[PDB]
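Structure first, commentary second.
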Amino acid sequence: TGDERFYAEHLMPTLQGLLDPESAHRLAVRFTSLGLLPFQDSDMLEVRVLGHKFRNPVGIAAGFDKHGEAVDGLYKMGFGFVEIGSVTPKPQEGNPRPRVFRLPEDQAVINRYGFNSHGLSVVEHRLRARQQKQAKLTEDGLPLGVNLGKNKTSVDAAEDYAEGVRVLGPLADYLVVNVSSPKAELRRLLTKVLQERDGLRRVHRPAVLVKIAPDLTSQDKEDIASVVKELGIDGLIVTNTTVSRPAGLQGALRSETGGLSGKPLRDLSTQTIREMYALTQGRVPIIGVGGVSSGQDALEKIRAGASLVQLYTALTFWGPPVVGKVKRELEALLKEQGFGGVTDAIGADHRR
Ligand SMILES: Cc1cc2nc3c(=O)[nH]c(=O)nc-3n(C[C@H](O)[C@H](O)[C@H](O)COP(=O)(O)O)c2cc1C
Ligand SMILES: O=C(Nc1c(F)c(F)c(-c2ccccc2)c(F)c1F)c1nsnc1O
Ligand SMILES: O=C(O)c1cc(=O)[nH]c(=O)[nH]1
Ligand SMILES: [Cl-]
Ligand SMILES: [Cl-]
Ligand SMILES: [Cl-]
Ligand SMILES: [Cl-]
Ligand SMILES: [Cl-]
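Read left to right, the sequence shown gives residues 32 to 69, 73 to 216, 227 to 396 (the deposited numbering).
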């Protein structure tokens with residue numbers, strides 16, 4: 032479309048020339064929360083997983099709406115589901131600025147926000163203000179995830195996550211235990237999270253997913269797969285940003301400390317999805333995330349094992365029109381490869 036090219040070629044590069052990345056992000060959140068924004075979802079794109087219907091499989095990843103401020107505008111942007119957070123129990127400011135950096139030559143970002151968060155209480159009241167509106171959205175196929183973090187100074191990480199389950203669990207369709215911001229400990233932690241979740245009333249009882257790094261050893265991945273199956277965890281989010289720096293980065297800021305996202309992460313993420321799907325025998329839904337910017341990127345993750353995908357960094361470079369672009373391209377590729385819909389493509393590479 033013309034909007035896609037105007038954002039990609041003129042408006043976004045101009046904004047990025049004028050505004051450092053954090054200021055640009057804060058502007059984006061403000062415009063999105065006000066619905067100041069520039073494709074019709076088809077039956078082909080609908081997915082049923084995690085106990086919910088998803089009108090389309092393209093979600094906004096954690097970190098864009100850390101504090102729950104822009105949820106309705108994100109649905110207006112065309113995302114099939116929204117994940118807010120990470121939210122920490124107490125408020126905290128995060129790292130000093132600058133703490134995010136663009137790598138324009140790499141179509142990548144590096145960030146070290148350090149879990150800046152309004153905290154559970156503020157976000158709780160924010161979501162309560164729209165709780166019934168969200169109930170209708172979810173019933174209409176637009177679910178809400180909440181990603182839970184822990185405070186920097188906390189001495190008892192499992193209790194931080196337990197607090198998040200109790201406070202925001204009742205407001206979420208799914209919860210994310212993000213143990214991956216840049227075996228028996230994980231079993232202990234997840235047992236406690238699942239017990240707290242199971243103690244919520246049924247109408248307020250969310251799915252629980254674990255979000256992992258792209259930087260794990262083979263042993264780590266095998267151990268996570270084992271614990272997730274043993275405990276009955278509902279899903280995996282694969283992956284967070286990477287602390288690696290692939291050979292070939294050109295950005296001047298490539299050696300900043302932080303998590304790398306965008307195109308250089310893409311195929312590391314896709315391979316991690318592929319491995320986790322095989323290690324769980326296809327029985328544990330996966331939300332695939334990392335360097336998704338096109339319909340081909342999305343379908344590669346779906347064929348590798350993802351039931352849903354998310355993006356963030358692509359929005360920062362290409363702007364809101366990228367969402368409809370990904371969905372349009374995904375639908376066209378599904379038809380070209382002979383899938384009746386998204387659901388038939390999930391894990392297809394493992395059946396070749
Ligand atoms: C600026 C920024 C902040 C992020 N903060 C979070 C966060 O609070 N919690 C989380 O689980 N991931 C967070 N992420 C990771 C994204 O959710 C996603 O896993 C990662 O960026 C890969 O997707 P992408 O390449 O499409 O950006 C953040 C990413 C960015 C770029
Ligand atoms: O969020 C960002 N940009 C950014 C932006 F500056 C926008 F104006 C809109 C935007 C434009 C029109 C309506 C709503 C948001 C946006 F989505 C963005 F991602 C961003 N994060 S790191 N570097 C960046 O440029
Ligand atoms: O620094 C953060 O808050 C953050 C960054 C990131 O890339 N992933 C995450 O989970 N948190
Ligand atoms: Cl802090
Ligand atoms: Cl920068
Ligand atoms: Cl509590
Ligand atoms: Cl409630
Ligand atoms: Cl680092």
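We put the beta carbon where it would ideally sit given N, CA and C, even for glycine.
Item                                                                                                : Value
Endpoints, beta strand (DSSP E) assigned at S305                                                    : 303-306
Same chain, Cβ closer than 7 Å to residue 72, neighbours up to 5 away in sequence not counted       : Regarding the residue in question, residue 72 is not represented: the chain runs 69 and then 73, omitting everything in between.
Where the alpha helix (DSSP H) through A228 begins and ends                                         : 228-242
Length-filtered (3 minimum) beta strand (DSSP E) runs lying within the stretch 41-67                : none
For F37: DSSP bridge partner residues                                                               : For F37, which the question treats as bridged, DSSP gives no partner whatsoever.
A96 beta carbon near ligand 1 (any heavy atom closer than 6 Å)                                      : yes
Buried/exposed call for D278, threshold 16 Cβ in 10 Å                                               : buried
Exposure of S54, with buried meaning 16 or more beta-carbon neighbours within 10 Å                  : exposed
Counterpart residues of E117 in DSSP-defined beta bridges                                           : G179
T286 (DSSP reduced to helix, strand or coil)                                                        : strand
Three or more C-beta pairs below 8 Å linking the stretch 113-125 and the stretch 262-270            : no
Start and end residues, alpha helix (DSSP H) containing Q168                                        : 165-173
Three-pair Cβ contact test at 8 Å for the stretch 366-385 versus the stretch 73-93                  : yes
DSSP bridge partner residues for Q126 (one or two, in chain order)                                  : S151
Sufficient close CB pairs (3 or more, under 8 Å) joining the stretch 199-215 to the stretch 177-186 : yes
Separation of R347 from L205, as counted between CA atoms                                           : 31 Å
When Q381, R289, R395, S313 are compared against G326, the one with the closest alpha-carbon        : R395
When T172, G179, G384, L378 are compared against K345, the one with the closest alpha-carbon        : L378
Reduced DSSP secondary structure (H/G/I, E/B, other) of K87                                         : strand
Assumed close pair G349, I331 - CB separation to whole angstroms, cut-off 8 Å                       : Not really, about 11 Å apart at Cβ, beyond 8 Å.
Identified DSSP bridge partners for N212                                                            : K255
Alpha-carbon to alpha-carbon, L238 and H41                                                          : 48 Å
Heavy atom of ligand 1 within 6 Å of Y321 beta-carbon                                               : no
Whole-Å CB distance - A192 paired with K227, under 8 Å assumed                                      : Wrong, their Cβ atoms sit about 15 Å apart, outside the cutoff.
Collapsed DSSP secondary structure at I317 in the structure displayed                               : helix
For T285, the nearest candidate out of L67, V386, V134 (CA to CA)                                   : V134
Closest Cα partner of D194 within the set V272, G85, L233, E173                                     : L233
Own chain residues within Cβ distance below 6 Å of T172, not counting five before or after          : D207
Test item: CB-CB of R136 and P52 under 7 Å                                                          : yes
The beta strand (DSSP E) enclosing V333, as first and last residue numbers                          : 330-333
Whole-Å CB distance - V252 paired with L280, under 8 Å assumed                                      : With a Cβ gap of about 11 Å, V252 and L280 do not count as contacting.
Nearest-angstrom Cβ-Cβ length linking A142 and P308, presumed shorter than 8 Å                      : 5 Å
Sheet register partners of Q354 (DSSP bridge)                                                       : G93, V333
Anticipated Cβ contact below 8 Å, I144 with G303, distance rounded                                  : 7 Å
Local conformation of residue 71 per DSSP, three classes                                            : Since the model of the chain passes from 69 to 73 in one step, residue 71 is not part of what is shown.
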